[PDB]
file structure_36.pdb (PDB, C-alpha atoms (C1' of nucleotides))
MODEL        1
ATOM      1  CA  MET A   1     216.234  51.597 100.118  1.00  0.00           C
ATOM      2  CA  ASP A   2     214.285  53.056 103.035  1.00  0.00           C
ATOM      3  CA  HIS A   3     211.094  50.957 102.920  1.00  0.00           C
ATOM      4  CA  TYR A   4     210.515  47.216 103.278  1.00  0.00           C
ATOM      5  CA  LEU A   5     207.419  45.048 102.974  1.00  0.00           C
ATOM      6  CA  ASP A   6     207.212  41.531 104.397  1.00  0.00           C
ATOM      7  CA  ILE A   7     205.126  38.813 102.785  1.00  0.00           C
ATOM      8  CA  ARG A   8     204.912  35.537 104.676  1.00  0.00           C
ATOM      9  CA  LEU A   9     203.883  32.264 103.099  1.00  0.00           C
ATOM     10  CA  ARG A  10     200.620  30.989 104.517  1.00  0.00           C
ATOM     11  CA  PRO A  11     201.585  27.421 105.534  1.00  0.00           C
ATOM     12  CA  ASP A  12     199.687  25.112 103.234  1.00  0.00           C
ATOM     13  CA  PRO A  13     198.990  21.366 103.380  1.00  0.00           C
ATOM     14  CA  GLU A  14     198.100  21.456  99.672  1.00  0.00           C
ATOM     15  CA  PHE A  15     201.469  22.850  98.554  1.00  0.00           C
ATOM     16  CA  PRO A  16     204.841  22.901 100.366  1.00  0.00           C
ATOM     17  CA  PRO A  17     206.572  26.268 100.960  1.00  0.00           C
ATOM     18  CA  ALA A  18     209.060  25.668  98.118  1.00  0.00           C
ATOM     19  CA  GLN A  19     206.455  25.978  95.350  1.00  0.00           C
ATOM     20  CA  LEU A  20     204.690  28.917  96.984  1.00  0.00           C
ATOM     21  CA  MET A  21     207.944  30.874  97.348  1.00  0.00           C
ATOM     22  CA  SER A  22     208.956  30.013  93.767  1.00  0.00           C
ATOM     23  CA  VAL A  23     205.621  31.110  92.288  1.00  0.00           C
ATOM     24  CA  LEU A  24     205.829  34.258  94.432  1.00  0.00           C
ATOM     25  CA  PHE A  25     209.320  34.784  92.985  1.00  0.00           C
ATOM     26  CA  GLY A  26     207.993  34.200  89.462  1.00  0.00           C
ATOM     27  CA  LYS A  27     205.046  36.573  89.790  1.00  0.00           C
ATOM     28  CA  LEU A  28     207.403  39.113  91.373  1.00  0.00           C
ATOM     29  CA  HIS A  29     209.639  38.658  88.327  1.00  0.00           C
ATOM     30  CA  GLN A  30     206.672  39.295  86.023  1.00  0.00           C
ATOM     31  CA  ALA A  31     205.727  42.316  88.150  1.00  0.00           C
ATOM     32  CA  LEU A  32     209.255  43.730  87.973  1.00  0.00           C
ATOM     33  CA  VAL A  33     209.440  43.335  84.191  1.00  0.00           C
ATOM     34  CA  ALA A  34     206.011  45.016  84.027  1.00  0.00           C
ATOM     35  CA  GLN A  35     207.217  47.873  86.269  1.00  0.00           C
ATOM     36  CA  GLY A  36     210.848  48.068  85.163  1.00  0.00           C
ATOM     37  CA  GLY A  37     213.520  50.006  86.978  1.00  0.00           C
ATOM     38  CA  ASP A  38     216.702  48.927  88.724  1.00  0.00           C
ATOM     39  CA  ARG A  39     215.857  50.020  92.293  1.00  0.00           C
ATOM     40  CA  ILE A  40     213.743  47.134  93.663  1.00  0.00           C
ATOM     41  CA  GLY A  41     215.467  44.750  96.042  1.00  0.00           C
ATOM     42  CA  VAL A  42     214.543  41.452  97.706  1.00  0.00           C
ATOM     43  CA  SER A  43     215.743  39.764 100.887  1.00  0.00           C
ATOM     44  CA  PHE A  44     215.026  36.573 102.830  1.00  0.00           C
ATOM     45  CA  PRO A  45     215.377  36.878 106.632  1.00  0.00           C
ATOM     46  CA  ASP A  46     214.441  33.249 107.411  1.00  0.00           C
ATOM     47  CA  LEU A  47     217.552  31.970 105.605  1.00  0.00           C
ATOM     48  CA  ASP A  48     219.070  28.830 107.149  1.00  0.00           C
ATOM     49  CA  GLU A  49     222.629  28.371 105.881  1.00  0.00           C
ATOM     50  CA  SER A  50     222.965  24.942 107.529  1.00  0.00           C
ATOM     51  CA  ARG A  51     220.252  23.286 105.411  1.00  0.00           C
ATOM     52  CA  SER A  52     220.282  25.859 102.530  1.00  0.00           C
ATOM     53  CA  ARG A  53     216.638  26.695 103.260  1.00  0.00           C
ATOM     54  CA  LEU A  54     215.051  30.018 102.313  1.00  0.00           C
ATOM     55  CA  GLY A  55     212.372  29.923 105.012  1.00  0.00           C
ATOM     56  CA  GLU A  56     208.896  31.406 104.635  1.00  0.00           C
ATOM     57  CA  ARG A  57     209.458  35.184 104.414  1.00  0.00           C
ATOM     58  CA  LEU A  58     210.206  37.684 101.658  1.00  0.00           C
ATOM     59  CA  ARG A  59     211.091  41.328 102.340  1.00  0.00           C
ATOM     60  CA  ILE A  60     210.879  43.497  99.228  1.00  0.00           C
ATOM     61  CA  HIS A  61     212.722  46.807  99.635  1.00  0.00           C
ATOM     62  CA  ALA A  62     211.807  50.017  97.772  1.00  0.00           C
ATOM     63  CA  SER A  63     210.062  53.336  98.457  1.00  0.00           C
ATOM     64  CA  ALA A  64     206.547  53.767  99.852  1.00  0.00           C
ATOM     65  CA  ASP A  65     204.800  54.606  96.561  1.00  0.00           C
ATOM     66  CA  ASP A  66     206.506  51.735  94.706  1.00  0.00           C
ATOM     67  CA  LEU A  67     205.340  49.147  97.256  1.00  0.00           C
ATOM     68  CA  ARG A  68     201.882  50.735  97.532  1.00  0.00           C
ATOM     69  CA  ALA A  69     201.536  50.515  93.748  1.00  0.00           C
ATOM     70  CA  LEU A  70     202.786  46.913  93.812  1.00  0.00           C
ATOM     71  CA  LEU A  71     200.059  45.987  96.325  1.00  0.00           C
ATOM     72  CA  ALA A  72     197.166  47.046  94.058  1.00  0.00           C
ATOM     73  CA  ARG A  73     198.331  45.179  90.926  1.00  0.00           C
ATOM     74  CA  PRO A  74     197.177  41.769  89.539  1.00  0.00           C
ATOM     75  CA  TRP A  75     200.575  40.119  90.124  1.00  0.00           C
ATOM     76  CA  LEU A  76     199.115  38.974  93.465  1.00  0.00           C
ATOM     77  CA  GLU A  77     195.657  38.173  92.048  1.00  0.00           C
ATOM     78  CA  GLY A  78     194.847  34.503  92.504  1.00  0.00           C
ATOM     79  CA  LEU A  79     197.639  34.247  95.097  1.00  0.00           C
ATOM     80  CA  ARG A  80     196.359  36.322  98.055  1.00  0.00           C
ATOM     81  CA  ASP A  81     194.716  33.304  99.706  1.00  0.00           C
ATOM     82  CA  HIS A  82     198.177  31.670  99.952  1.00  0.00           C
ATOM     83  CA  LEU A  83     200.189  34.440 101.655  1.00  0.00           C
ATOM     84  CA  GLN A  84     199.818  37.017 104.406  1.00  0.00           C
ATOM     85  CA  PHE A  85     200.744  40.663 103.851  1.00  0.00           C
ATOM     86  CA  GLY A  86     202.715  43.109 105.936  1.00  0.00           C
ATOM     87  CA  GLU A  87     202.804  46.884 105.729  1.00  0.00           C
ATOM     88  CA  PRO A  88     205.306  49.209 104.023  1.00  0.00           C
ATOM     89  CA  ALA A  89     207.371  50.338 107.001  1.00  0.00           C
ATOM     90  CA  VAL A  90     210.671  52.130 107.454  1.00  0.00           C
ATOM     91  CA  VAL A  91     213.744  49.940 108.022  1.00  0.00           C
ATOM     92  CA  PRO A  92     214.708  50.137 111.726  1.00  0.00           C
ATOM     93  CA  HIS A  93     218.059  51.416 112.917  1.00  0.00           C
ATOM     94  CA  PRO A  94     220.710  50.145 112.968  1.00  0.00           C
ATOM     95  CA  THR A  95     220.960  47.139 110.649  1.00  0.00           C
ATOM     96  CA  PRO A  96     223.814  45.347 108.892  1.00  0.00           C
ATOM     97  CA  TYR A  97     223.655  45.177 105.109  1.00  0.00           C
ATOM     98  CA  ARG A  98     224.238  42.387 102.598  1.00  0.00           C
ATOM     99  CA  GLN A  99     223.527  41.511  98.978  1.00  0.00           C
ATOM    100  CA  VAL A 100     221.401  39.037  97.034  1.00  0.00           C
ATOM    101  CA  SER A 101     223.573  37.383  94.381  1.00  0.00           C
ATOM    102  CA  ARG A 102     222.532  34.765  91.845  1.00  0.00           C
ATOM    103  CA  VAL A 103     225.321  32.200  91.498  1.00  0.00           C
ATOM    104  CA  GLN A 104     225.065  30.032  88.388  1.00  0.00           C
ATOM    105  CA  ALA A 105     227.275  26.944  88.333  1.00  0.00           C
ATOM    106  CA  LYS A 106     228.552  25.284  85.154  1.00  0.00           C
ATOM    107  CA  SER A 107     227.354  21.872  86.341  1.00  0.00           C
ATOM    108  CA  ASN A 108     226.388  20.782  82.809  1.00  0.00           C
ATOM    109  CA  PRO A 109     229.325  20.084  80.437  1.00  0.00           C
ATOM    110  CA  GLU A 110     226.960  19.726  77.448  1.00  0.00           C
ATOM    111  CA  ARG A 111     226.411  23.502  77.292  1.00  0.00           C
ATOM    112  CA  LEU A 112     230.179  24.055  77.315  1.00  0.00           C
ATOM    113  CA  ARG A 113     230.588  21.327  74.676  1.00  0.00           C
ATOM    114  CA  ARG A 114     228.053  23.100  72.443  1.00  0.00           C
ATOM    115  CA  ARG A 115     229.656  26.509  73.105  1.00  0.00           C
ATOM    116  CA  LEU A 116     233.218  25.425  72.273  1.00  0.00           C
ATOM    117  CA  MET A 117     232.134  23.288  69.296  1.00  0.00           C
ATOM    118  CA  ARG A 118     229.959  26.095  67.914  1.00  0.00           C
ATOM    119  CA  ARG A 119     232.480  28.919  68.216  1.00  0.00           C
ATOM    120  CA  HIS A 120     235.593  26.904  67.273  1.00  0.00           C
ATOM    121  CA  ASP A 121     234.158  24.342  64.768  1.00  0.00           C
ATOM    122  CA  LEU A 122     236.106  21.595  66.533  1.00  0.00           C
ATOM    123  CA  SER A 123     235.149  17.924  66.895  1.00  0.00           C
ATOM    124  CA  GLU A 124     233.093  16.249  69.603  1.00  0.00           C
ATOM    125  CA  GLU A 125     236.134  14.302  70.812  1.00  0.00           C
ATOM    126  CA  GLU A 126     238.386  17.380  70.727  1.00  0.00           C
ATOM    127  CA  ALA A 127     235.861  19.175  72.936  1.00  0.00           C
ATOM    128  CA  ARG A 128     235.561  16.037  75.091  1.00  0.00           C
ATOM    129  CA  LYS A 129     239.324  16.148  75.649  1.00  0.00           C
ATOM    130  CA  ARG A 130     239.235  19.936  76.116  1.00  0.00           C
ATOM    131  CA  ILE A 131     236.669  19.961  78.953  1.00  0.00           C
ATOM    132  CA  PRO A 132     236.263  16.892  81.201  1.00  0.00           C
ATOM    133  CA  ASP A 133     233.241  15.805  83.240  1.00  0.00           C
ATOM    134  CA  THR A 134     234.917  17.101  86.431  1.00  0.00           C
ATOM    135  CA  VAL A 135     234.090  20.725  85.494  1.00  0.00           C
ATOM    136  CA  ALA A 136     230.627  20.258  87.035  1.00  0.00           C
ATOM    137  CA  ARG A 137     230.339  22.519  90.086  1.00  0.00           C
ATOM    138  CA  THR A 138     228.387  21.588  93.220  1.00  0.00           C
ATOM    139  CA  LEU A 139     226.408  24.272  95.058  1.00  0.00           C
ATOM    140  CA  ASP A 140     225.076  24.192  98.631  1.00  0.00           C
ATOM    141  CA  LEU A 141     222.988  27.368  97.996  1.00  0.00           C
ATOM    142  CA  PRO A 142     219.206  27.780  98.358  1.00  0.00           C
ATOM    143  CA  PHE A 143     217.229  27.579  95.135  1.00  0.00           C
ATOM    144  CA  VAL A 144     213.795  28.360  93.698  1.00  0.00           C
ATOM    145  CA  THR A 145     211.794  26.990  90.741  1.00  0.00           C
ATOM    146  CA  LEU A 146     210.259  29.049  87.913  1.00  0.00           C
ATOM    147  CA  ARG A 147     208.379  28.437  84.641  1.00  0.00           C
ATOM    148  CA  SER A 148     209.178  30.200  81.360  1.00  0.00           C
ATOM    149  CA  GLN A 149     206.374  31.493  79.148  1.00  0.00           C
ATOM    150  CA  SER A 150     207.371  31.843  75.479  1.00  0.00           C
ATOM    151  CA  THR A 151     209.822  28.936  75.290  1.00  0.00           C
ATOM    152  CA  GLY A 152     209.331  27.046  78.520  1.00  0.00           C
ATOM    153  CA  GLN A 153     211.808  25.447  80.927  1.00  0.00           C
ATOM    154  CA  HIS A 154     211.730  24.964  84.702  1.00  0.00           C
ATOM    155  CA  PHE A 155     215.006  26.096  86.259  1.00  0.00           C
ATOM    156  CA  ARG A 156     216.366  26.554  89.783  1.00  0.00           C
ATOM    157  CA  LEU A 157     217.815  29.989  90.572  1.00  0.00           C
ATOM    158  CA  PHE A 158     220.378  29.828  93.392  1.00  0.00           C
ATOM    159  CA  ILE A 159     220.412  32.753  95.821  1.00  0.00           C
ATOM    160  CA  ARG A 160     223.369  33.766  97.998  1.00  0.00           C
ATOM    161  CA  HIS A 161     223.340  36.263 100.849  1.00  0.00           C
ATOM    162  CA  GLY A 162     226.782  37.835 100.942  1.00  0.00           C
ATOM    163  CA  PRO A 163     228.872  38.959 103.910  1.00  0.00           C
ATOM    164  CA  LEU A 164     227.501  41.496 106.363  1.00  0.00           C
ATOM    165  CA  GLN A 165     228.798  45.047 105.928  1.00  0.00           C
ATOM    166  CA  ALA A 166     228.357  48.309 107.832  1.00  0.00           C
ATOM    167  CA  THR A 167     227.496  50.725 104.979  1.00  0.00           C
ATOM    168  CA  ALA A 168     225.964  50.074 101.561  1.00  0.00           C
ATOM    169  CA  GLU A 169     226.946  51.817  98.337  1.00  0.00           C
ATOM    170  CA  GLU A 170     225.026  52.711  95.200  1.00  0.00           C
ATOM    171  CA  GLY A 171     223.991  50.008  92.759  1.00  0.00           C
ATOM    172  CA  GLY A 172     221.182  48.608  90.633  1.00  0.00           C
ATOM    173  CA  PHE A 173     219.068  45.472  90.680  1.00  0.00           C
ATOM    174  CA  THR A 174     217.871  43.205  87.886  1.00  0.00           C
ATOM    175  CA  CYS A 175     214.359  42.407  86.742  1.00  0.00           C
ATOM    176  CA  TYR A 176     214.715  39.595  89.317  1.00  0.00           C
ATOM    177  CA  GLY A 177     215.415  41.865  92.305  1.00  0.00           C
ATOM    178  CA  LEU A 178     218.909  40.427  92.853  1.00  0.00           C
ATOM    179  CA  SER A 179     221.967  42.516  93.688  1.00  0.00           C
ATOM    180  CA  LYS A 180     224.020  44.201  90.951  1.00  0.00           C
ATOM    181  CA  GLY A 181     226.096  46.286  93.386  1.00  0.00           C
ATOM    182  CA  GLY A 182     223.169  47.503  95.447  1.00  0.00           C
ATOM    183  CA  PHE A 183     222.586  46.054  98.887  1.00  0.00           C
ATOM    184  CA  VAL A 184     219.515  45.346 100.998  1.00  0.00           C
ATOM    185  CA  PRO A 185     219.226  45.896 104.779  1.00  0.00           C
ATOM    186  CA  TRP A 186     219.525  42.625 106.691  1.00  0.00           C
ATOM    187  CA  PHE A 187     217.295  42.309 109.764  1.00  0.00           C
TER     188      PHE A 187
ATOM    189  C1'   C B   1     253.743 -17.515 129.430  1.00  0.00           C
ATOM    190  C1'   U B   2     249.068 -21.378 125.249  1.00  0.00           C
ATOM    191  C1'   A B   3     249.488 -30.910 125.996  1.00  0.00           C
ATOM    192  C1'   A B   4     254.338 -24.723 124.800  1.00  0.00           C
ATOM    193  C1'   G B   5     258.804 -25.084 121.966  1.00  0.00           C
ATOM    194  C1'   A B   6     260.569 -28.349 115.955  1.00  0.00           C
ATOM    195  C1'   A B   7     259.778 -30.553 111.245  1.00  0.00           C
ATOM    196  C1'   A B   8     260.190 -31.352 102.683  1.00  0.00           C
ATOM    197  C1'   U B   9     255.888 -37.094 101.233  1.00  0.00           C
ATOM    198  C1'   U B  10     257.526 -38.588  96.449  1.00  0.00           C
ATOM    199  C1'   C B  11     259.085 -40.352  92.198  1.00  0.00           C
ATOM    200  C1'   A B  12     256.222 -43.281  87.610  1.00  0.00           C
ATOM    201  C1'   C B  13     251.785 -45.110  85.124  1.00  0.00           C
ATOM    202  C1'   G B  14     246.825 -47.026  78.456  1.00  0.00           C
ATOM    203  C1'   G B  15     240.616 -48.819  82.007  1.00  0.00           C
ATOM    204  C1'   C B  16     238.241 -50.555  76.921  1.00  0.00           C
ATOM    205  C1'   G B  17     236.080 -54.233  74.662  1.00  0.00           C
ATOM    206  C1'   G B  18     230.123 -55.336  73.494  1.00  0.00           C
ATOM    207  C1'   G B  19     224.926 -54.590  73.777  1.00  0.00           C
ATOM    208  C1'   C B  20     216.947 -53.265  70.904  1.00  0.00           C
ATOM    209  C1'   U B  21     214.592 -51.430  77.545  1.00  0.00           C
ATOM    210  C1'   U B  22     209.629 -52.827  75.756  1.00  0.00           C
ATOM    211  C1'   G B  23     204.422 -53.252  74.995  1.00  0.00           C
ATOM    212  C1'   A B  24     198.937 -50.930  77.301  1.00  0.00           C
ATOM    213  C1'   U B  25     196.173 -46.643  79.397  1.00  0.00           C
ATOM    214  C1'   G B  26     189.617 -41.334  80.264  1.00  0.00           C
ATOM    215  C1'   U B  27     192.236 -36.911  85.158  1.00  0.00           C
ATOM    216  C1'   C B  28     187.670 -35.011  87.031  1.00  0.00           C
ATOM    217  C1'   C B  29     183.464 -33.085  89.018  1.00  0.00           C
ATOM    218  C1'   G B  30     182.597 -27.569  91.655  1.00  0.00           C
ATOM    219  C1'   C B  31     183.686 -22.448  92.944  1.00  0.00           C
ATOM    220  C1'   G B  32     181.811 -14.164  94.016  1.00  0.00           C
ATOM    221  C1'   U B  33     188.748 -12.382  95.252  1.00  0.00           C
ATOM    222  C1'   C B  34     186.716  -7.665  97.327  1.00  0.00           C
ATOM    223  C1'   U B  35     186.966  -2.714  99.726  1.00  0.00           C
ATOM    224  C1'   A B  36     190.066   2.754  99.606  1.00  0.00           C
ATOM    225  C1'   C B  37     193.600   5.723  98.464  1.00  0.00           C
ATOM    226  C1'   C B  38     196.378  13.847  95.549  1.00  0.00           C
ATOM    227  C1'   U B  39     203.519   9.804  91.639  1.00  0.00           C
ATOM    228  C1'   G B  40     205.305  15.090  92.690  1.00  0.00           C
ATOM    229  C1'   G B  41     207.853  14.674  96.498  1.00  0.00           C
ATOM    230  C1'   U B  42     211.542  22.918  95.020  1.00  0.00           C
ATOM    231  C1'   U B  43     214.513  16.986  92.055  1.00  0.00           C
ATOM    232  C1'   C B  44     212.079  19.249  84.645  1.00  0.00           C
ATOM    233  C1'   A B  45     220.351  22.007  87.240  1.00  0.00           C
ATOM    234  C1'   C B  46     217.548  24.125  80.570  1.00  0.00           C
ATOM    235  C1'   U B  47     217.916  27.390  76.347  1.00  0.00           C
ATOM    236  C1'   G B  48     220.551  31.342  74.183  1.00  0.00           C
ATOM    237  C1'   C B  49     223.705  36.138  74.496  1.00  0.00           C
ATOM    238  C1'   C B  50     228.161  39.495  75.748  1.00  0.00           C
ATOM    239  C1'   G B  51     233.003  38.294  76.524  1.00  0.00           C
ATOM    240  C1'   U B  52     239.584  35.541  72.718  1.00  0.00           C
ATOM    241  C1'   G B  53     238.657  32.985  77.272  1.00  0.00           C
ATOM    242  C1'   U B  54     237.144  27.117  80.226  1.00  0.00           C
ATOM    243  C1'   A B  55     237.949  33.827  83.932  1.00  0.00           C
ATOM    244  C1'   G B  56     233.244  36.372  84.805  1.00  0.00           C
ATOM    245  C1'   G B  57     228.305  37.845  84.046  1.00  0.00           C
ATOM    246  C1'   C B  58     223.630  38.340  81.470  1.00  0.00           C
ATOM    247  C1'   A B  59     218.207  37.228  79.340  1.00  0.00           C
ATOM    248  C1'   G B  60     213.731  34.041  79.992  1.00  0.00           C
TER     249        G B  60
ENDMDL
END
call {"tool": "encode", "arguments": {"input": "structure_36.pdb", "output": "structure tokens"}}
result
Amino acid sequence: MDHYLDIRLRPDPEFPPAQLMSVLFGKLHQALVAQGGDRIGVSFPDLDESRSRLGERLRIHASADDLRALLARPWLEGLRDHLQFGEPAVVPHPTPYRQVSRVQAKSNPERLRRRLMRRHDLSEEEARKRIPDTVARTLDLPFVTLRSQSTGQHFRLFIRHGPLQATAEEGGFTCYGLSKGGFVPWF
RNA sequence: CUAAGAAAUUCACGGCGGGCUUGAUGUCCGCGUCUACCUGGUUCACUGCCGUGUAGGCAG
């Protein structure tokens, strides 16, 4: 995508940057389900891979009209006193490219216990011997917190910036703005 | 290069029999505990779906 917009978290004593970036991510999720499409990307240039910290910035990549329409919508209403805006500008040249991949780990064996017991009609002890407790995976990835609306649960989405490439290919994005084959310019 | 250098304690055994500890008793007067703070600190790692799959993803 040719256009990027930077939003920076206004540093707040009342709330730490983790909650402000997660509620920005949640309202961006609501905005992207309200707008639809598969061609809206996100990126995080203040990523610190040593401490798995996302930083304070968010660069949303799309066209000019898409970002200009996303500025004048109520998905930022009630938030605009907690973040500073950029401007929709062209990506400079040249930049390396990378993806934004959500990596879900199977760190909870109870979901796998329920899955195997439901689809196979086995026993609890047969499933307990089938999968052990050592199937829990540990992630050193940055994460964000969101709240669900209809049936509610707070869950951490883990983001991974992939390896740097020289040329991106075609691909879509979710209603979350994460990579499904598409890439975002990294700068 | 050490008041260095060295060393086998050990065999066996019946402690028990008996007994009244008692009477008596006033704890007690008195007391200012106060003042002021965001339990959230991503830490609610969930719920379901596609997939034979535990391999891999998805949706909120």
call {"tool": "interface_residues", "arguments": {"input": "structure_36.pdb", "of": "chain A", "to": "chain B", "cutoff": "6 Å", "atoms": "all atoms listed in the file", "output": "MDAnalysis selection string"}}
result
chainID A and resid 18:19 145 153:154
call {"tool": "closest_residue", "arguments": {"input": "structure_36.pdb", "among": "B:33, B:6, B:53, B:39", "to": "residue A:119", "atoms": "all atoms listed in the file"}}
result
B:53
call {"tool": "atom_distance", "arguments": {"input": "structure_36.pdb", "atom1": "atom CA of residue A:147", "atom2": "atom CA of residue A:82"}}
result
18.7 Å
call {"tool": "atom_distance", "arguments": {"input": "structure_36.pdb", "atom1": "atom CA of residue A:71", "atom2": "atom CA of residue A:86"}}
result
10.4 Å
call {"tool": "resolve_selection", "arguments": {"input": "structure_36.pdb", "expression": "the PyMOL selection byres ((chain A and resi 40-44) around 7)", "output": "VMD selection string"}}
result
chain A and resid 38 to 39 45 to 47 54 57 to 62 100 173 177 to 178 184
call {"tool": "residues_near_point", "arguments": {"input": "structure_36.pdb", "point": "(225.6, 42.7, 107.1)", "cutoff": "8 Å", "atoms": "all atoms listed in the file", "output": "VMD selection string"}}
result
chain A and resid 95 to 98 162 to 166 185 to 186
call {"tool": "resolve_selection", "arguments": {"input": "structure_36.pdb", "expression": "the PyMOL selection byres ((chain A and resi 106) around 8)", "output": "ChimeraX atom specification"}}
result
/A:104-105,107-109,135-137
call {"tool": "atom_distance", "arguments": {"input": "structure_36.pdb", "atom1": "atom CA of residue A:84", "atom2": "atom CA of residue A:65"}}
result
19.9 Å
call {"tool": "residues_around", "arguments": {"input": "structure_36.pdb", "residues": "residue A:81", "least_positions_apart": "3", "cutoff": "12 Å", "atoms": "all atoms listed in the file", "output": "VMD selection string"}}
result
chain A and resid 8 to 12 20 76 to 78 84 to 85
call {"tool": "write_last_selection", "arguments": {"input": "structure_36.pdb", "atoms": "C-alpha atoms", "output": "tab-separated table (two decimals), in the frame of the given file"}}
result
chain	number	residue	atom	x	y	z
A	8	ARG	CA	204.91	35.54	104.68
A	9	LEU	CA	203.88	32.26	103.10
A	10	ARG	CA	200.62	30.99	104.52
A	11	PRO	CA	201.58	27.42	105.53
A	12	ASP	CA	199.69	25.11	103.23
A	20	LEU	CA	204.69	28.92	96.98
A	76	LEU	CA	199.12	38.97	93.46
A	77	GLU	CA	195.66	38.17	92.05
A	78	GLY	CA	194.85	34.50	92.50
A	84	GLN	CA	199.82	37.02	104.41
A	85	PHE	CA	200.74	40.66	103.85
call {"tool": "residues_around", "arguments": {"input": "structure_36.pdb", "residues": "residue A:79", "least_positions_apart": "6", "cutoff": "10 Å", "atoms": "all atoms listed in the file", "output": "PyMOL selection string"}}
result
chain A and resi 20+23-24+27
call {"tool": "residues_near_point", "arguments": {"input": "structure_36.pdb", "point": "(208.9, 52.4, 103.9)", "cutoff": "12 Å", "atoms": "only C-alpha atoms (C1' of nucleotides)", "output": "number ranges by chain"}}
result
A: 1-6, 59-68, 86-92
call {"tool": "closest_residue", "arguments": {"input": "structure_36.pdb", "among": "A:26, A:142, A:115, A:35", "to": "residue A:49", "atoms": "only C-alpha atoms"}}
result
A:142
call {"tool": "axis_aligned_box", "arguments": {"input": "structure_36.pdb", "around": "stretch 107-118 of chain A", "padding_each_side": "5 Å", "output": "AutoDock Vina command-line options"}}
result
--center_x 229.8 --center_y 23.1 --center_z 77.1 --size_x 16.8 --size_y 16.8 --size_z 28.4
call {"tool": "decode", "arguments": {"input": "structure_36.pdb", "residues": "stretch 92-109 of chain A", "atoms": "N, CA and C atoms", "output": "PDB file, in the first residue's frame"}}
result
ATOM      1  N   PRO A  92       8.160   6.589   1.982  1.00  0.00           N
ATOM      2  CA  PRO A  92       9.409   6.995   1.327  1.00  0.00           C
ATOM      3  C   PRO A  92      10.115   5.810   0.682  1.00  0.00           C
ATOM      4  N   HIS A  93      11.130   6.137  -0.114  1.00  0.00           N
ATOM      5  CA  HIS A  93      11.825   5.149  -0.919  1.00  0.00           C
ATOM      6  C   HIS A  93      13.319   5.210  -0.632  1.00  0.00           C
ATOM      7  N   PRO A  94      13.993   4.054  -0.510  1.00  0.00           N
ATOM      8  CA  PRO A  94      13.405   2.710  -0.472  1.00  0.00           C
ATOM      9  C   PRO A  94      13.262   2.163   0.947  1.00  0.00           C
ATOM     10  N   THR A  95      12.339   1.227   1.133  1.00  0.00           N
ATOM     11  CA  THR A  95      12.117   0.616   2.431  1.00  0.00           C
ATOM     12  C   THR A  95      12.093  -0.901   2.314  1.00  0.00           C
ATOM     13  N   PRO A  96      12.592  -1.607   3.325  1.00  0.00           N
ATOM     14  CA  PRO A  96      12.355  -3.052   3.396  1.00  0.00           C
ATOM     15  C   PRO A  96      10.928  -3.339   3.837  1.00  0.00           C
ATOM     16  N   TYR A  97      10.461  -4.539   3.505  1.00  0.00           N
ATOM     17  CA  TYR A  97       9.089  -4.937   3.772  1.00  0.00           C
ATOM     18  C   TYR A  97       9.061  -6.126   4.722  1.00  0.00           C
ATOM     19  N   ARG A  98       7.980  -6.222   5.492  1.00  0.00           N
ATOM     20  CA  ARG A  98       7.760  -7.356   6.381  1.00  0.00           C
ATOM     21  C   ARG A  98       6.262  -7.489   6.625  1.00  0.00           C
ATOM     22  N   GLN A  99       5.891  -8.542   7.341  1.00  0.00           N
ATOM     23  CA  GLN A  99       4.494  -8.860   7.584  1.00  0.00           C
ATOM     24  C   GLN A  99       4.109  -8.580   9.030  1.00  0.00           C
ATOM     25  N   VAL A 100       2.820  -8.751   9.305  1.00  0.00           N
ATOM     26  CA  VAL A 100       2.261  -8.685  10.650  1.00  0.00           C
ATOM     27  C   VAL A 100       1.426  -9.950  10.871  1.00  0.00           C
ATOM     28  N   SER A 101       1.997 -10.921  11.572  1.00  0.00           N
ATOM     29  CA  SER A 101       1.376 -12.230  11.720  1.00  0.00           C
ATOM     30  C   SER A 101       0.918 -12.441  13.157  1.00  0.00           C
ATOM     31  N   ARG A 102      -0.334 -12.857  13.326  1.00  0.00           N
ATOM     32  CA  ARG A 102      -0.802 -13.288  14.636  1.00  0.00           C
ATOM     33  C   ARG A 102      -0.411 -14.743  14.862  1.00  0.00           C
ATOM     34  N   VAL A 103       0.309 -14.997  15.946  1.00  0.00           N
ATOM     35  CA  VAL A 103       0.750 -16.340  16.297  1.00  0.00           C
ATOM     36  C   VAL A 103       0.016 -16.743  17.568  1.00  0.00           C
ATOM     37  N   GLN A 104      -0.919 -17.678  17.436  1.00  0.00           N
ATOM     38  CA  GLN A 104      -1.617 -18.242  18.581  1.00  0.00           C
ATOM     39  C   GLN A 104      -0.929 -19.526  19.022  1.00  0.00           C
ATOM     40  N   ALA A 105      -0.621 -19.606  20.310  1.00  0.00           N
ATOM     41  CA  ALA A 105      -0.002 -20.782  20.897  1.00  0.00           C
ATOM     42  C   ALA A 105      -1.064 -21.623  21.587  1.00  0.00           C
ATOM     43  N   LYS A 106      -0.876 -22.941  21.560  1.00  0.00           N
ATOM     44  CA  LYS A 106      -1.771 -23.867  22.254  1.00  0.00           C
ATOM     45  C   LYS A 106      -1.282 -24.104  23.685  1.00  0.00           C
ATOM     46  N   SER A 107      -1.218 -23.008  24.445  1.00  0.00           N
ATOM     47  CA  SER A 107      -0.708 -23.029  25.811  1.00  0.00           C
ATOM     48  C   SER A 107      -1.717 -23.562  26.818  1.00  0.00           C
ATOM     49  N   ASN A 108      -2.947 -23.828  26.396  1.00  0.00           N
ATOM     50  CA  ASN A 108      -3.984 -24.326  27.288  1.00  0.00           C
ATOM     51  C   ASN A 108      -4.409 -25.724  26.861  1.00  0.00           C
ATOM     52  N   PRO A 109      -4.031 -26.775  27.597  1.00  0.00           N
ATOM     53  CA  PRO A 109      -4.433 -28.138  27.210  1.00  0.00           C
ATOM     54  C   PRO A 109      -5.903 -28.454  27.456  1.00  0.00           C
TER      55      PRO A 109
END
